[PDB]
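Have a look at the structure below before the remarks.
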Protein chains: 4
Amino acid sequence: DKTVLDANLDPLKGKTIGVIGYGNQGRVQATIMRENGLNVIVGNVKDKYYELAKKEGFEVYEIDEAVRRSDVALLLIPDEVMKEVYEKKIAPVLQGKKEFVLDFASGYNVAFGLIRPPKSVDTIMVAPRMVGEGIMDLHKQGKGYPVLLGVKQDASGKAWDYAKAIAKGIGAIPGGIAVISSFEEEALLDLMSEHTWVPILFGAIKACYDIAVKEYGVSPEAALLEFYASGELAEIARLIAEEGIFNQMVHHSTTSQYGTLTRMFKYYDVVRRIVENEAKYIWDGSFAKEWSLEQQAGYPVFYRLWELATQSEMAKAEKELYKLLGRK
Amino acid sequence: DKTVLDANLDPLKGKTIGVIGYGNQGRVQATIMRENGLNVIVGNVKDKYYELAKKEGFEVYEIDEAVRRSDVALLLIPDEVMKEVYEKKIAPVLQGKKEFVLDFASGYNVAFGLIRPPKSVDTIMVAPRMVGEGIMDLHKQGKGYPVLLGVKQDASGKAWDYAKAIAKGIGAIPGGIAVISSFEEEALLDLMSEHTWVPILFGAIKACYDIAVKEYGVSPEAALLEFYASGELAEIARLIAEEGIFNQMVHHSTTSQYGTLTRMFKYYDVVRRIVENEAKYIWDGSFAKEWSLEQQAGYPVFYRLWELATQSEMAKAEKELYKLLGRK
Amino acid sequence: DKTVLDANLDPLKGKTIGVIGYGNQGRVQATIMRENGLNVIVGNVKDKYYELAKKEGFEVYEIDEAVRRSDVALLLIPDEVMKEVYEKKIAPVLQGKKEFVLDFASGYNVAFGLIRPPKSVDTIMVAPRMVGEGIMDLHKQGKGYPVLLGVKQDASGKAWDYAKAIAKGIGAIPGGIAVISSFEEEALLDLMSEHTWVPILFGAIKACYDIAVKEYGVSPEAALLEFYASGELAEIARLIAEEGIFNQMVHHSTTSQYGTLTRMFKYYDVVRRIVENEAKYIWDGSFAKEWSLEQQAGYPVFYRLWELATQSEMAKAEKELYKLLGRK
Amino acid sequence: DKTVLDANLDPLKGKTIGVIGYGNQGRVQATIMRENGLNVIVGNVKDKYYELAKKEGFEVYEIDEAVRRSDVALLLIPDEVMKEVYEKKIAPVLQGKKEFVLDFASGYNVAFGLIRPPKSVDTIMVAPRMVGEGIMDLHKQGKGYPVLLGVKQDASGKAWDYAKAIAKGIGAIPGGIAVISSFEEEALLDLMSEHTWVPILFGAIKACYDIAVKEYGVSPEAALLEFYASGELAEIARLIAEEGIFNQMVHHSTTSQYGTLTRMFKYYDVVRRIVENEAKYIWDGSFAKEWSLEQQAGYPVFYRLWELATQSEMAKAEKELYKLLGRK
Ligand SMILES: NC(=O)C1=CN([C@@H]2O[C@H](COP(=O)(O)OP(=O)(O)OC[C@H]3O[C@@H](n4cnc5c(N)ncnc54)[C@H](O)[C@@H]3O)[C@@H](O)[C@H]2O)C=CC1
Ligand SMILES: NC(=O)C1=CN([C@@H]2O[C@H](COP(=O)(O)OP(=O)(O)OC[C@H]3O[C@@H](n4cnc5c(N)ncnc54)[C@H](O)[C@@H]3O)[C@@H](O)[C@H]2O)C=CC1
Ligand SMILES: NC(=O)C1=CN([C@@H]2O[C@H](COP(=O)(O)OP(=O)(O)OC[C@H]3O[C@@H](n4cnc5c(N)ncnc54)[C@H](O)[C@@H]3O)[C@@H](O)[C@H]2O)C=CC1
Ligand SMILES: NC(=O)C1=CN([C@@H]2O[C@H](COP(=O)(O)OP(=O)(O)OC[C@H]3O[C@@H](n4cnc5c(N)ncnc54)[C@H](O)[C@@H]3O)[C@@H](O)[C@H]2O)C=CC1
Ligand SMILES: O=C(O)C1(C(=O)O)CC1
Ligand SMILES: O=C(O)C1(C(=O)O)CC1
Ligand SMILES: O=C(O)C1(C(=O)O)CC1
Ligand SMILES: O=C(O)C1(C(=O)O)CC1
Ligand SMILES: [Mg+2]
Ligand SMILES: [Mg+2]
Ligand SMILES: [Mg+2]
Ligand SMILES: [Mg+2]
Ligand SMILES: [Mg+2]
Ligand SMILES: [Mg+2]
Ligand SMILES: [Mg+2]
Ligand SMILES: [Mg+2]
């Protein structure tokens, strides 16, 4: 199938590599690669992270100076401002090149056309799915992790070879796997989660609390303990990742199984409709517009919602309680 | 407030205690109490668990023989068959008593009237919220855990004193806390979760998979990795339990925060309606009827759904994949 | 294709066979097989049918005694009570075996999990589609008939070989055919008919009668003669089975063809919706629950409907008329 | 209650005050305060208003120069551009301070997060409800007026003391009153009016005119005279402010009272729904976004609507008429 369990490391040996940033990924992937036998450099904004990077023994020039020396570059930085940074300080230099290769962690800014490098640059993606600390939590075990790979532009007939070369250049395969997928799929997926089941889950919990309290005379403490103040969800998620989502429920009671299955097959259509709506909203590029404008206005809605959420009853009760249990 | 952080241990010292069962709770609570300085006994069906109980040094008679010797009894056994067991082998003996006390882990069978002991028995509840192994995972740390307490019938003016006595008799407070609550609240809560956000979550995930695959040319492996085959959810749940549900999201990107909050406040009404419907269905006693009948018929629906779920596309793909990653 | 026109008879020669029942199928299939050169026995409730079976020269022990002697067993008895009979008088004995094979006529009780034999028994189906008398009405002609075959559990790598062996052991192929199909498909099909076009047909006839009488001043006799008191439908059905459903209509008038076709293509969506609803109701296992409970209550609805139907106007008129025509 | 009828003047005596602007409020409040015995200064854009300010005897430096000298600052300028002005010319200087206090007239830019001063500055509000000329029209009478007060950030445990100090520093209490209220309430209120009853009123008048003319053959002049070209509304509003909204209607005829009351209680739900929608739209921060973007695009909609309104029939007729009556 489309999977790839291991591959070569030929094109990247002999070349210099440009790593932009020393955050979560940047540090991890960079240290890994240095330890994989390659000549690498770092580009960073001269601040605390720069202190830490030069600490760990990585020569760090300015961004553009690291792009002049390298024939490859990894832009391991945020998604909300990368546009301007690329426009001012990277595009000029890049125009001062002929054979180059650029790789990202996310496909947001490219899938939607906010960044359109020239045709003289092979354009690719390599994206994992962790938060970043799990990857050292796996590397010290000598394991490997899974990732997604994509190619946007090939001007060398070699983008895929560089793709798998990089893949092995970060310690994913062998030990994990590597999937090949467009920039578009990656963005679509990373967003669907952030728009569909996470917020639905949270709203459902909030509603259960509000209902139980204001309509059957229950104490906030008990509600919080049942719903999320207990680590039940965490163990469930672990068992899911280990055994399987359904096989997991065998460790539950028959009553729970019955209710859960019935209600699942009873509400599948509604959420399906919702997911359709949101995925369509995304595929078209509307959400990117919405978000970019909300940046350009001053983040008002962001502000007001962050306020409302924290000034809700549930949050205050959680505050009192977490205080009681010593939890910070 | 209604909370209780510590209390006495007076009524239970000098009396014998009857522990019915040696499963997860039974073993844990029983060993704890023995180690808390009390004279205890065990009643069990003579099978593997009986071997393990007599192994760990607990004299174990027959059930009814343990109820004749004890003035207290803890029925630490399932919720689906306990009815018959109480009718045949416990009610007679109990009628052969005057001052007795009975406590449960769950309020299902009592809140709905499937078990109505005489008026010569103080009736109570003590219910934690773990799965059971976390409690030793906390006891070896000398900590304490939270629980719920309830009283159904008082024929001694002392049910609450026995309640807190038991509470401390199992190593919850001091170290955790103890909430007081009817049998009804406990059942309502344990069920709302099993009917509202768990199945909704699962259906949403399933729908995201189905959509992404059958409508945007996406490979199954990537979908599974993004949604649940990765341990993302587990870390999120842990951070929730530690910091707070909302404060958790600070460790995410602004884009995720924005989308999540907007969509949460956008879909809150729908799930609210759903939760209303289900909670009402429960408060009335309809679900208990449904479930009892489904038992009396031969568990057909249970069977067919357990089949359909496992014969779905997502499950088969998860099978192939988990095999690849070595996960059992 | 999946069809099978003939096969072997090897595994069943040398073994003893257990036939449970001497009703329509039991007698027919048993006599056929005896005449096909096999050593067979019979198990039956000692009543009139037992008299008839021992009459026709089949040694008949008790049920369980016939299962102890046989390595195969055919449960040729009803679907509504077979559960208890299997639980009490068959499951014990079967537990007293290692290599066994069990076959049914219908898949109701198995497809829905009301009967779950051990894993040490190959489980199969062989189901024809007649009412039973047509099969002798074909055997004396040396023909063969069609059937469905299914396998639920294979503990021998041989369930299919036994399947076709049995198939030929009853005189179906060669002469007819044999289709392979799950238990589930068989039940689904046998029920869809009993829920979709039969009752719709009957209700349509009833409605035509009621309308014609109470709204255009027509005589009951004429209505009954036109609709069903005449053998028109029978000849139509015969021609359907012989030539084909559509090619049949050539023997009609052009007017009939035109009206029929137009109205058929005009009402196809409605009945489609209905059929969807009912098939879904079945696939899930709800109907089995409904029916089992209606048994457990005392067949009240059954009773009241059997009353209403017979106390309707159409039935009384049919009574008077059939009396006139000498029809019993 | 929350009201405050008079308070102290202690913290502001000995300190210098920074007044930004010399418009309606700026001039009024500044002259008042100077006349209340305080050392004050002015910051202004060097234009006509600057001429007038230096005319009236207020030393006026540049904006930032007035913020360097003052330990307090009052930003008495518009709400639509204040953002940039604060970003460029005020934030730097303010960063060059430790103990500072800032007060506004409106809470728009702060309630929605368009301006977030540091935590080393106590942030407050003092907002009246006039248009500004009424305040001298009251001061020469030695009266006092009502205002709203708010505190956004306290880094001194003294924000409220400065609040009431300022309050008395402008001649409101004693003589009027002072209410305490968040920035949020002030903005919400100032906007609800501008979105709910003003535009509804205007649309109702417009519709009455259009209807009367185009459907019962009436002359424009009469319609205009009845509806608003007469000063009826003004006298009604005055009586409202004086006596009370309802007690006002006693000076009317019984017929008017009856019709008005009935129709009021008959249409209360509709407008309630409308008001809910708009208030919700505001609380969330959507309107601020809308307005900021409409600025960033070039005020197109503003333009087109200002055109349509003036090119309507009613406006032209009003033009002809007001000309007739000599009204400019
Ligand atoms: N939890 C996470 O942060 C994960 C990030 N990703 C993706 O990788 C990218 C981020 O990777 P990380 O660096 O590990 O996360 P991060 O949030 O720590 O990235 C911050 C980095 O960007 C640099 N930076 C910040 N502001 C800058 C500015 N104004 N100008 C120039 N440089 C600036 C900083 O040097 C810093 O190293 C994102 O695009 C994301 O889609 C993928 C998986 C998880
Ligand atoms: N994950 C869990 O199992 C938790 C259980 N509870 C509640 O506690 C009760 C169950 O406690 P556990 O024993 O720890 O769970 P369990 O599922 O391990 O219960 C098995 C025990 O029940 C006894 N038993 C089982 N079948 C029996 C039968 N036919 N006849 C006589 N005795 C039989 C056995 O002695 C066995 O030890 C339930 O009511 C549940 O509501 C509360 C929190 C979590
Ligand atoms: N003729 C029909 O109505 C059709 C029957 N089938 C299927 O075959 C099976 C029945 O086969 P048949 O015997 O030919 O129909 P049947 O209605 O004549 O069944 C009566 C047989 O069941 C046995 N029996 C009845 N009550 C019993 C009891 N309380 N305890 C023990 N044994 C009892 C008797 O030995 C009797 O011979 C059904 O499951 C049906 O799904 C399939 C095609 C047509
Ligand atoms: N009738 C009104 O306009 C009232 C105003 N308010 C609130 O008070 C504030 C306005 O108060 P006023 O000064 O009396 O109204 P205003 O409209 O006369 O304010 C204009 C002032 O802002 C200065 N200014 C204008 N454009 C500038 C620019 N590009 N750069 C720097 N400075 C500029 C001018 O020097 C002028 O003094 C607003 O925030 C409003 O919410 C409250 C009650 C009524
Ligand atoms: O909600 C609960 O605590 C569970 C139960 O079976 O009672 C584990 C699912
Ligand atoms: O910000 C992202 O990209 C997250 C993801 O879905 O992987 C953490 C939320
Ligand atoms: O209904 C009838 O009798 C038919 C006719 O053509 O008249 C044969 C169909
Ligand atoms: O509309 C009018 O002129 C009023 C009347 O009573 O006629 C005063 C209200
Ligand atoms: Mg994301
Ligand atoms: Mg993600
Ligand atoms: Mg439960
Ligand atoms: Mg629970
Ligand atoms: Mg049938
Ligand atoms: Mg049939
Ligand atoms: Mg305003
Ligand atoms: Mg106003």
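All residue names refer to the structure tokens as shown: chains lettered A, B, ... in order, residues numbered from 1 in each chain, ligands numbered from 1 in order.
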
Spatial neighbours of residue 67 (chain C), 12 Å, only C-alpha atoms, chain gap at least 3 places, as number ranges by chain: C: 16-20, 40-44, 60-64, 70-75, 86, 89-97, 100-102

Pick out the residues sitting within 12 Å of region 234-240 of chain C, and hand them over as a PyMOL selection string; count only C-alpha atoms, and ignore anything fewer than 5 positions along from it in its own chain. chain C and resi 227-229+245-252

Based on only C-alpha atoms, which of the residues in chain D come within 6 Å of chain A? I want them as a PyMOL selection string. chain D and resi 112-114+284-285

Which neighbours of residue 131 (chain C) fall inside 12 Å, counting only C-alpha atoms, when residues of the same chain fewer than 6 positions from it are skipped, and could you give them as a PyMOL selection string? chain C and resi 23-25+28+105+137

Give me, as a VMD selection string, the set of residues whose atoms come within 9 Å of any atom of ligand 15, counting only C-alpha atoms and all ligand atoms. chain D and resid 106 187 189 to 191 193 to 194

Could you save the residues just selected, with N, CA, C and O atoms, as a PDB file, in the first residue's frame?
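Generated output (again-v4.pdb):
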```pdb
ATOM      1  N   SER D 106     -15.482  56.334  26.836  1.00  0.00           N
ATOM      2  CA  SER D 106     -16.193  55.169  26.341  1.00  0.00           C
ATOM      3  C   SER D 106     -15.339  53.927  26.548  1.00  0.00           C
ATOM      4  O   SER D 106     -14.114  54.001  26.670  1.00  0.00           O
ATOM      5  N   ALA D 187     -20.496  50.111  27.165  1.00  0.00           N
ATOM      6  CA  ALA D 187     -20.501  49.903  25.723  1.00  0.00           C
ATOM      7  C   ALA D 187     -21.795  49.247  25.276  1.00  0.00           C
ATOM      8  O   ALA D 187     -22.448  49.696  24.323  1.00  0.00           O
ATOM      9  N   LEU D 189     -24.670  49.320  26.568  1.00  0.00           N
ATOM     10  CA  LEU D 189     -25.795  50.239  26.632  1.00  0.00           C
ATOM     11  C   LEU D 189     -25.728  51.270  25.517  1.00  0.00           C
ATOM     12  O   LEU D 189     -26.704  51.476  24.788  1.00  0.00           O
ATOM     13  N   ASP D 190     -24.580  51.933  25.369  1.00  0.00           N
ATOM     14  CA  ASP D 190     -24.452  52.944  24.329  1.00  0.00           C
ATOM     15  C   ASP D 190     -24.771  52.375  22.959  1.00  0.00           C
ATOM     16  O   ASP D 190     -25.199  53.111  22.065  1.00  0.00           O
ATOM     17  N   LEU D 191     -24.574  51.073  22.771  1.00  0.00           N
ATOM     18  CA  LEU D 191     -24.813  50.478  21.465  1.00  0.00           C
ATOM     19  C   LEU D 191     -26.245  49.998  21.288  1.00  0.00           C
ATOM     20  O   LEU D 191     -26.830  50.186  20.217  1.00  0.00           O
ATOM     21  N   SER D 193     -29.011  51.176  22.313  1.00  0.00           N
ATOM     22  CA  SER D 193     -29.817  52.300  21.858  1.00  0.00           C
ATOM     23  C   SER D 193     -29.596  52.559  20.376  1.00  0.00           C
ATOM     24  O   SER D 193     -30.551  52.689  19.604  1.00  0.00           O
ATOM     25  N   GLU D 194     -28.334  52.625  19.959  1.00  0.00           N
ATOM     26  CA  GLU D 194     -28.001  52.947  18.581  1.00  0.00           C
ATOM     27  C   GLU D 194     -28.379  51.843  17.612  1.00  0.00           C
ATOM     28  O   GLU D 194     -28.260  52.041  16.400  1.00  0.00           O
TER      29      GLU D 194
END
```

Find the residues around residue 322 (chain B) up to 10 Å (only C-alpha atoms counted), leave out those fewer than 2 positions away in its own chain, and share them as a short mmCIF file (atom, residue, chain, number, x, y, z; two decimals) with N, CA and C atoms, in the first residue's frame.
```
data_model
loop_
_atom_site.label_atom_id
_atom_site.label_comp_id
_atom_site.auth_asym_id
_atom_site.auth_seq_id
_atom_site.Cartn_x
_atom_site.Cartn_y
_atom_site.Cartn_z
N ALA A 241 -6.12 3.89 22.36
CA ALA A 241 -4.89 3.86 21.58
C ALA A 241 -4.24 2.49 21.61
N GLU A 242 -4.39 1.76 22.71
CA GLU A 242 -3.71 0.48 22.85
C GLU A 242 -4.45 -0.65 22.13
N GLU A 243 -5.70 -0.89 22.53
CA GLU A 243 -6.44 -2.06 22.08
C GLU A 243 -7.29 -1.78 20.85
N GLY A 244 -7.98 -0.65 20.84
CA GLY A 244 -8.96 -0.35 19.81
C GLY A 244 -10.13 0.34 20.48
N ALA B 229 -5.96 6.95 16.57
CA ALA B 229 -4.82 6.04 16.65
C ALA B 229 -3.61 6.70 17.30
N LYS B 316 -11.83 -2.68 10.71
CA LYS B 316 -10.91 -3.52 9.94
C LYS B 316 -9.61 -2.78 9.65
N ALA B 317 -9.72 -1.52 9.25
CA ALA B 317 -8.52 -0.73 9.00
C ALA B 317 -7.69 -0.59 10.27
N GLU B 318 -8.35 -0.31 11.39
CA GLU B 318 -7.66 -0.24 12.67
C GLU B 318 -6.95 -1.56 12.96
N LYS B 319 -7.57 -2.67 12.58
CA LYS B 319 -6.95 -3.97 12.78
C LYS B 319 -5.65 -4.08 12.01
N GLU B 320 -5.72 -3.85 10.70
CA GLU B 320 -4.51 -3.90 9.88
C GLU B 320 -3.42 -3.01 10.46
N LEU B 324 0.37 -3.51 12.22
CA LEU B 324 1.61 -2.96 11.70
C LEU B 324 2.48 -2.40 12.82
N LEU B 325 1.88 -1.63 13.72
CA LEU B 325 2.61 -0.97 14.78
C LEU B 325 2.96 -1.90 15.93
N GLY B 326 2.73 -3.20 15.78
CA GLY B 326 3.00 -4.14 16.84
C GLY B 326 2.01 -4.12 17.98
N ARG B 327 1.17 -3.09 18.07
CA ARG B 327 0.15 -3.05 19.11
C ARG B 327 -0.74 -4.28 19.02
N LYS B 328 -0.90 -4.97 20.14
CA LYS B 328 -1.70 -6.18 20.17
C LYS B 328 -3.13 -5.91 19.72
#
```

Residue 122 (chain D) surroundings by only C-alpha atoms, 7 Å radius, close-in-sequence under 2 positions cut, as a PDB file with C-alpha atoms, in the first residue's frame:
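Written file, result33.pdb:
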```pdb
ATOM      1  CA  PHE D 100       0.145  55.783  35.999  1.00  0.00           C
ATOM      2  CA  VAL D 101      -3.621  56.054  35.637  1.00  0.00           C
ATOM      3  CA  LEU D 102      -5.691  56.199  32.458  1.00  0.00           C
ATOM      4  CA  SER D 120       1.525  48.956  35.801  1.00  0.00           C
ATOM      5  CA  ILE D 124     -10.807  53.238  34.733  1.00  0.00           C
ATOM      6  CA  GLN D 153      -7.220  47.189  36.149  1.00  0.00           C
ATOM      7  CA  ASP D 154      -6.028  48.031  39.668  1.00  0.00           C
ATOM      8  CA  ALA D 155      -2.293  48.026  40.381  1.00  0.00           C
ATOM      9  CA  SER D 156      -2.562  50.407  43.350  1.00  0.00           C
ATOM     10  CA  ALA D 159      -8.473  52.763  41.403  1.00  0.00           C
TER      11      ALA D 159
END
```

Residues within 8 Å of ligand 8 (only C-alpha atoms and all ligand atoms), as an MDAnalysis selection string? chainID D and resid 226 232 252:256

Could the residues in this selection be written to a file with N, CA, C and O atoms, as a PDB file, in the first residue's frame?
```pdb
ATOM      1  N   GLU D 226     -47.766  65.715  10.538  1.00  0.00           N
ATOM      2  CA  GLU D 226     -48.251  64.868  11.617  1.00  0.00           C
ATOM      3  C   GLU D 226     -47.107  64.127  12.287  1.00  0.00           C
ATOM      4  O   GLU D 226     -47.012  64.092  13.519  1.00  0.00           O
ATOM      5  N   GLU D 232     -44.025  67.888  18.224  1.00  0.00           N
ATOM      6  CA  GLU D 232     -44.757  67.084  19.196  1.00  0.00           C
ATOM      7  C   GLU D 232     -43.816  66.164  19.961  1.00  0.00           C
ATOM      8  O   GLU D 232     -43.821  66.128  21.199  1.00  0.00           O
ATOM      9  N   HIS D 252     -52.664  63.459  27.685  1.00  0.00           N
ATOM     10  CA  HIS D 252     -53.222  63.097  26.396  1.00  0.00           C
ATOM     11  C   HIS D 252     -54.705  62.776  26.541  1.00  0.00           C
ATOM     12  O   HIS D 252     -55.289  62.862  27.623  1.00  0.00           O
ATOM     13  N   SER D 253     -55.319  62.397  25.427  1.00  0.00           N
ATOM     14  CA  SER D 253     -56.709  61.985  25.431  1.00  0.00           C
ATOM     15  C   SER D 253     -56.828  60.499  25.743  1.00  0.00           C
ATOM     16  O   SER D 253     -55.902  59.713  25.534  1.00  0.00           O
ATOM     17  N   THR D 254     -58.003  60.118  26.244  1.00  0.00           N
ATOM     18  CA  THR D 254     -58.237  58.726  26.604  1.00  0.00           C
ATOM     19  C   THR D 254     -58.062  57.811  25.404  1.00  0.00           C
ATOM     20  O   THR D 254     -57.539  56.698  25.528  1.00  0.00           O
ATOM     21  N   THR D 255     -58.511  58.261  24.235  1.00  0.00           N
ATOM     22  CA  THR D 255     -58.385  57.465  23.023  1.00  0.00           C
ATOM     23  C   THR D 255     -56.929  57.105  22.757  1.00  0.00           C
ATOM     24  O   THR D 255     -56.593  55.943  22.482  1.00  0.00           O
ATOM     25  N   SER D 256     -56.050  58.103  22.839  1.00  0.00           N
ATOM     26  CA  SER D 256     -54.629  57.872  22.625  1.00  0.00           C
ATOM     27  C   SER D 256     -54.081  56.887  23.644  1.00  0.00           C
ATOM     28  O   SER D 256     -53.351  55.954  23.296  1.00  0.00           O
TER      29      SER D 256
END
```

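Of the residues in region 116-283 of chain A, those given strand (DSSP E or B) by DSSP on the backbone are residues 121, 122, 123, 124, 125, 126, 127, 128, 147, 148, 149, 150, 151, 152, 153, 178, 179 and 180 of chain A.
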
For N, CA and C atoms, I'd like the residues from the last selection saved as a short mmCIF file (atom, residue, chain, number, x, y, z; two decimals), in the first residue's frame.
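Contents of the output file result_28.cif:
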```
data_model
loop_
_atom_site.label_atom_id
_atom_site.label_comp_id
_atom_site.auth_asym_id
_atom_site.auth_seq_id
_atom_site.Cartn_x
_atom_site.Cartn_y
_atom_site.Cartn_z
N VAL A 121 11.92 25.60 -6.92
CA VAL A 121 12.07 25.08 -5.57
C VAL A 121 11.11 23.90 -5.41
N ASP A 122 11.65 22.74 -5.08
CA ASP A 122 10.81 21.59 -4.76
C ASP A 122 10.16 21.81 -3.41
N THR A 123 8.84 21.65 -3.35
CA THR A 123 8.05 22.01 -2.18
C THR A 123 7.39 20.76 -1.62
N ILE A 124 7.53 20.55 -0.31
CA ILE A 124 7.15 19.29 0.32
C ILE A 124 6.60 19.51 1.72
N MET A 125 6.15 18.43 2.34
CA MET A 125 5.65 18.45 3.70
C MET A 125 6.14 17.21 4.43
N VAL A 126 6.39 17.36 5.73
CA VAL A 126 6.61 16.23 6.63
C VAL A 126 5.99 16.61 7.97
N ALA A 127 4.88 15.96 8.32
CA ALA A 127 4.07 16.38 9.46
C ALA A 127 3.82 15.19 10.39
N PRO A 128 4.25 15.25 11.65
CA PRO A 128 3.80 14.26 12.63
C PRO A 128 2.51 14.69 13.31
N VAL A 147 4.26 9.74 10.51
CA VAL A 147 4.20 11.09 9.96
C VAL A 147 3.47 11.06 8.63
N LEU A 148 3.17 12.26 8.13
CA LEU A 148 2.57 12.45 6.82
C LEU A 148 3.55 13.19 5.92
N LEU A 149 3.53 12.85 4.64
CA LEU A 149 4.44 13.44 3.67
C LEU A 149 3.63 13.96 2.49
N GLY A 150 4.07 15.09 1.95
CA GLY A 150 3.40 15.65 0.79
C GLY A 150 4.39 16.38 -0.09
N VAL A 151 4.00 16.52 -1.35
CA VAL A 151 4.80 17.22 -2.35
C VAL A 151 3.88 18.18 -3.08
N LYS A 152 4.26 19.45 -3.10
CA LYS A 152 3.49 20.49 -3.76
C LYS A 152 4.05 20.85 -5.12
N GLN A 153 5.37 20.86 -5.25
CA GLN A 153 6.02 21.27 -6.49
C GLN A 153 7.31 20.49 -6.65
N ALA A 178 5.48 6.08 7.62
CA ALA A 178 5.41 7.35 6.91
C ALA A 178 4.33 7.25 5.86
N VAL A 179 3.36 8.14 5.92
CA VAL A 179 2.29 8.18 4.93
C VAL A 179 2.52 9.36 4.00
N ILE A 180 2.09 9.19 2.76
CA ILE A 180 2.21 10.21 1.74
C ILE A 180 0.83 10.82 1.53
#
```

Exercise: residue 211 (chain B) partners within 9 Å, only C-alpha atoms, chain neighbours under 6 positions left out, as a PDB file with N, CA, C and O atoms, in the first residue's frame:
```pdb
ATOM      1  N   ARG A 272     -23.101  13.793  11.604  1.00  0.00           N
ATOM      2  CA  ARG A 272     -22.681  13.650  10.218  1.00  0.00           C
ATOM      3  C   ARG A 272     -22.982  14.916   9.433  1.00  0.00           C
ATOM      4  O   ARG A 272     -22.134  15.422   8.687  1.00  0.00           O
ATOM      5  N   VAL A 275     -20.562  17.672  10.465  1.00  0.00           N
ATOM      6  CA  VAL A 275     -19.227  17.458   9.930  1.00  0.00           C
ATOM      7  C   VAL A 275     -19.187  17.801   8.451  1.00  0.00           C
ATOM      8  O   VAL A 275     -18.220  18.394   7.962  1.00  0.00           O
ATOM      9  N   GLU A 276     -20.221  17.406   7.712  1.00  0.00           N
ATOM     10  CA  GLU A 276     -20.320  17.799   6.314  1.00  0.00           C
ATOM     11  C   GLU A 276     -20.215  19.307   6.173  1.00  0.00           C
ATOM     12  O   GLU A 276     -19.409  19.821   5.385  1.00  0.00           O
ATOM     13  N   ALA A 279     -16.553  20.586   7.060  1.00  0.00           N
ATOM     14  CA  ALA A 279     -15.564  20.185   6.070  1.00  0.00           C
ATOM     15  C   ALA A 279     -15.738  20.967   4.782  1.00  0.00           C
ATOM     16  O   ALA A 279     -14.754  21.384   4.157  1.00  0.00           O
TER      17      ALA A 279
END
```

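What separates CA of residue 83 (chain A) from CA of residue 12 (chain A) is a distance of 27.0 Å.
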
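CA of residue 315 (chain C) is found 16.0 Å from CA of residue 201 (chain C).
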
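Residues in contact with residue 139 (chain D) at 9 Å, where only C-alpha atoms are counted and same-chain residues fewer than 5 positions away are skipped, are listed as residues 32, 134, 144, 145, 171 and 172 of chain D.
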
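Each of C:200, C:306, C:99, C:192 was compared to residue 158 (chain C) using only C-alpha atoms, and C:99 turns out to be the nearest.
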
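Taking atom 41 (O, counted along the ligand's line) of ligand 4 as the reference point, CA of residue 33 (chain D) is found at 19.9 Å.
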
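Shortest atom-to-atom contact with ligand 9 among A:188, A:138, A:85, A:52: A:188, counting only C-alpha atoms and all ligand atoms.
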
From a DSSP calculation on the backbone, collect every residue of region 113-157 of chain D in helix (DSSP H, G or I) and output the set as a PyMOL selection string. chain D and resi 133-139

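Distances from A:107, A:57, A:78, A:11 to residue 185 (chain A) were compared using only C-alpha atoms, and the smallest one belongs to A:107.
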